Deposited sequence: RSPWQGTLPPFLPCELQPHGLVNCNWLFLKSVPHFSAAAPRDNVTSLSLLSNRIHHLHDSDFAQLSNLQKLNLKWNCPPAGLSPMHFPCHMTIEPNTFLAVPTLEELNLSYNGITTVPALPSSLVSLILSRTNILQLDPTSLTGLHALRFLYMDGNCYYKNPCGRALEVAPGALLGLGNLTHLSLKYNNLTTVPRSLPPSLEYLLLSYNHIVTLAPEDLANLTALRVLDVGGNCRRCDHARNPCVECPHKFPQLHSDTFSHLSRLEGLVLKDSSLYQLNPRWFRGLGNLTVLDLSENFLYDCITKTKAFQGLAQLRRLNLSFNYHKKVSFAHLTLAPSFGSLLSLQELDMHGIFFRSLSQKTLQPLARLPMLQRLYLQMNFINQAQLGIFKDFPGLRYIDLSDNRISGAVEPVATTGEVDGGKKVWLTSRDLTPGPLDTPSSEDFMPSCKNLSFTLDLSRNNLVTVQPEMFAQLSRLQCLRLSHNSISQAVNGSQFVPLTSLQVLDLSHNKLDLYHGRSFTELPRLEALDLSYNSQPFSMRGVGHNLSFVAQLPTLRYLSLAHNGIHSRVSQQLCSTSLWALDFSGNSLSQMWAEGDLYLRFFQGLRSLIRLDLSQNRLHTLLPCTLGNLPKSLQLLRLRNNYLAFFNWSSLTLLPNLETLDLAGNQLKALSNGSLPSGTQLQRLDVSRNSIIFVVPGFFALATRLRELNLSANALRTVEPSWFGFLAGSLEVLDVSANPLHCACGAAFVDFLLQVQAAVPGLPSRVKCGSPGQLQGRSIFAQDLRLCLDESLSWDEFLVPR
């Protein structure tokens, strides 16, 4: 039986997904479809320019409707083609159950009539230039109204959006209003007092006063950022804040006693008026980024009262054309007892010392400090030792060079107690002195430095808690026998992209240190171009995962018997990545020398044109085999062998023309199979013996299926349809004639 909502796909929770189908009108679906059960209909990025009274009339329990990007205004069209969307008067009134509507990125100039059931309305990036009391008649349950981007450089209109005084007072339930990028010069008058979120960023509102926020005493978030910009930082078209602006009255915010979040970013602020924060006792988030507060933060008392503040953004408060020799934060930061997160990135200052951050040093809840992109060249990392709550320091993208004068394969540090990011700095050697006071660290990132050192066991000595060390993108010379042995808790080591030493033809390297790392569980040697003159064996009783992708095992395994047991000493290994190793051949004997403990083997993007499937019996614990991106021309040469525990097989992006009968029949644990992007002209149940009904995933997209009338694959795919992703749209014909490139459902082949 056919998928029920062709050409669309039924997804969980009553979602009918019609996205990206190039539809010119709303599909009606068959009278046999359960139109009753449809709660959400997605029509994202089709090319529907005309909506009709009958379009949604049969979807009698429809709650969510997404029509975004159907008819973009010329400024937002990728080719600047104009578009105007017509909407018959009852299009949405015919859906009395509708709760959420997205009409954004559509060329409409008025708000259509809407049912009184509506709770959320998105009208962003349309050409609606006015809201008056008749625009939103009857929407007494509306809680969210987003209408951003109706008049700006990507969607110009030649005037300000006009929201008439009191236009929205009839929306007595309205809690969220967003009117960003609308060329406003004043705040709309007499907005609904129920508002909790008012977002007015990236307009040209350059004066504020208490009268502009009259009666908005329920506000929890107010965003007025980006209304008076510093164009020297801008990535986009930008007009400079005029001289002597902005003008924000002392008492602008003083009635907003419930305010939790205030955004004053990119407002050309050189000074902070302490009165702005008076009476904001519930304020937890303050964004002051992209202002000119570099001197103010050394002297201000404006933070004195902010006892509930959790997150403070001061990023990109830099002085044009300069960096500072020194920076000393004001004493008043010490009263921020709730502070959890401070962002000081992009201020530009050259020395980080005891005095810089002293007011923060006893703040008990301070967990995350962002100090990246500051051109810091001298950093006393010892300053952090006695910070009582610190979990994360970002010092990446600086100029520090020393002491002062798949998570399967590599875990992240997100769950760890103390992480320092020193990636993208200027280290060329690692000296232990710089880490002397950092013995509490669990994770250290040193990726993308210039480390060129023959590490030997003396570099990381103080780091006795360190579990994860990221040295990727450096030039470490792997040679000495005791590298990394000074890290007694090391579990994960990333040495990927340290290729330059391995490219020194004629100079060998030594990986014997891996055997000396008794706690190591995850290692990456990926993208190192390892190809000759290296240790003949890697050895570890502890290692679980090894990423060896992006090397030349092809060259190693061609050199007689030298490297045929290279991985065999990894006695507990469960996951191995041998992707992108230029492999044109394997021997069964070579596969049999991989660790018998292996559960996952990746061989992606090699050049294998043959695979001896019987050799899988040599890997009796194997559950996942990834052969995507090779050059197989068939699934033949014996079938999957009896007894295999294989659960997942990926042979996508090969050149597979046919599969032998019964190829998969003996893989009784097989659940996921990817045949995508091969040269298969059919899909046959006989491939599977009598076990095709057991598959949970069968991907057959991007194959040149032969769509002859009565083609047998059609019935088969309908029988297993629950397992086939994208069946309604991405399973396409390669032939005959005009069917080439069309869905197998474009015409009824039965």
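Absence of C-alpha coordinates is noted for several segments of the deposited sequence, namely 1-6, 412-441, 787-802.
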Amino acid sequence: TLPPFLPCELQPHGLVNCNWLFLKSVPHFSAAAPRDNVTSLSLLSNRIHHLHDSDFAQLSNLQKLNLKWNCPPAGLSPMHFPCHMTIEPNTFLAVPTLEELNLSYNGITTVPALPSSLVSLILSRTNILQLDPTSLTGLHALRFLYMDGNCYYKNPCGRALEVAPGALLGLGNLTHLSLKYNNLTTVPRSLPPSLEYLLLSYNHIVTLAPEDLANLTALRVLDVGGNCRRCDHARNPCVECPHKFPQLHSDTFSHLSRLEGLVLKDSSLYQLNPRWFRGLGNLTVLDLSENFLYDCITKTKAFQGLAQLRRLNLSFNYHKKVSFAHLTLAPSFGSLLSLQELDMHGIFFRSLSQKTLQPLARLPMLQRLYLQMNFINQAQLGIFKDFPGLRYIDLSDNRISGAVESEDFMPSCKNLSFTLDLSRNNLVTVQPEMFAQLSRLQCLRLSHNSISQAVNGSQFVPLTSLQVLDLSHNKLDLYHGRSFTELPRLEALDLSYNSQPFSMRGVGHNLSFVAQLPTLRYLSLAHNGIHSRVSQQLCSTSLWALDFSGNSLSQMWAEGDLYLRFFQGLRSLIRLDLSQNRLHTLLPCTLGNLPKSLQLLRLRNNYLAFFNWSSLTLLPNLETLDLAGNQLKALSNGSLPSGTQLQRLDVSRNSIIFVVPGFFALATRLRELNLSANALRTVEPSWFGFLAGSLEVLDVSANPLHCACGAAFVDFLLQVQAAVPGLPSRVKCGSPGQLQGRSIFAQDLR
From here on, numbers count along this sequence of modelled residues.
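Between two forms, the rigid core is defined as the largest C-alpha subset superposing within 1.5 Å.
Take 234-242 and 121-129, fit the other structures onto the shown form by the rigid core, and average the C-alpha distances in 5 other deposited structures of this protein: the farther stretch is 234-242. Superposing each structure in 5 other deposited structures of this protein on the rigid core shows that the farther-lying of 41-49 and 687-695, by root-mean-square Cα distance, is 687-695. Checked against the other entries of this protein, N630 counts as resolved in every one of those spanning it, not missing from a third of them. Checked against the other entries of this protein, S254 counts as resolved in every one of those spanning it, not missing from a third of them. The mean C-alpha temperature factor is higher for 240-248 when 240-248 and 554-562 are set side by side. In this entry, 610-618 has the higher mean Cα B-factor, the comparison being between 610-618 and 340-348.
Listed residues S542, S135, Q442, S532 were ranked by CA B-factor as deposited; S135 comes out on top. Based on the entry's C-alpha B-factors, the most elevated value among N37, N70, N66, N703 belongs to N37. Annotation for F303: C-alpha temperature factor in the highest third relative to the rest of the modelled chain, per the entry. In the deposited entry, the Cα temperature factor of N581 sits in the bottom third of values across the chain's modelled residues. Split the chain's modelled residues into thirds by C-alpha temperature factor. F144 is in the middle one. When the modelled residues of the chain are ordered by C-alpha B-factor, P588 sits in the highest third.
In the PDB entry, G158 places in the highest third of its chain by CA B-factor.
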